Novice: 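Let me give you the structure first, and then I'll get to my questions.
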Amino acid sequence: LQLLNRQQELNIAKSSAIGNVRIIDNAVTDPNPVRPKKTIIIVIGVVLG
Amino acid sequence: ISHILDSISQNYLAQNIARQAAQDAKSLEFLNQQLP
């Protein structure tokens, strides 16, 4: 009986998988593109000219 | 803004205690699915 109770504890420990890693935020996309950065490009162009 | 900040605090508080019991909650969930 002692091993059977231990076996069940190992069975429940196997199924209760949630562990060291947890997904807080699933990925989403920022709708504003990060490149090219238009304003800084234009400023650099004017200054270079 | 005060209402919004209260809602943020309440949501975060409620979330935290859920995470404390989350490990037990899933184990209880599995046993309920595992009871013959």
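A, B, ... follow the sequence lines: proteins, then strands. Residue 1 opens every chain. FYI, side chains are in, hydrogens and waters are out, and symmetry mates aren't considered; it's all heavy atoms of this structure.
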Novice: Ignoring hydrogens and angles, write down the donor-acceptor pairs under 3.5 Å from the side chains of residues 30-49 of chain A, residues two or more places apart or on other chains.
Specialist:
unit_1: A:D30; atom_1: OD1; unit_2: A:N32; atom_2: N; d: 3.4

Novice: CG/B:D6 to CD1/B:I1 distance, rounded to the nearest 0.5 angstrom?
Specialist: 11.0 Å
Novice: State which residues pass salt bridge (charged side-chain N to carboxylate O under 4.0 Å, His left out) with A:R22; sequence neighbours excluded, sorted by chain then number.
Specialist: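 A:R22 satisfies salt bridge (charged side-chain N to carboxylate O under 4.0 Å, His left out) with no residue once adjacent residues are dropped.
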Novice: Nearest 0.5 Å, what's the CD-CD1 distance between B:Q10 and B:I8?
Specialist: 11.5 Å
Novice: Do other residues, nucleotides or ligands put more than 12 heavy atoms under 6.0 Å from B:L5 CG?
Specialist: yes
Novice: Count the heavy atoms belonging to other residues, nucleotides or ligands that lie under 6.0 Å from CG of A:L3, then report whether that count exceeds 12.
Specialist: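 Open: at most 12 neighbouring heavy atoms sit under 6.0 Å from CG of A:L3.
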Novice: Do any side-chain atoms of residues 27-36 of chain B form donor-acceptor pairs under 3.5 angstrom with protein atoms, and if so which ones, sequence neighbours left out?
Specialist:
unit_1: B:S27; atom_1: OG; unit_2: A:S16; atom_2: OG; d: 2.7
unit_1: B:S27; atom_1: OG; unit_2: B:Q23; atom_2: O; d: 2.9
unit_1: B:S27; atom_1: OG; unit_2: B:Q23; atom_2: OE1; d: 3.2
unit_1: B:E29; atom_1: OE2; unit_2: B:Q33; atom_2: NE2; d: 2.4

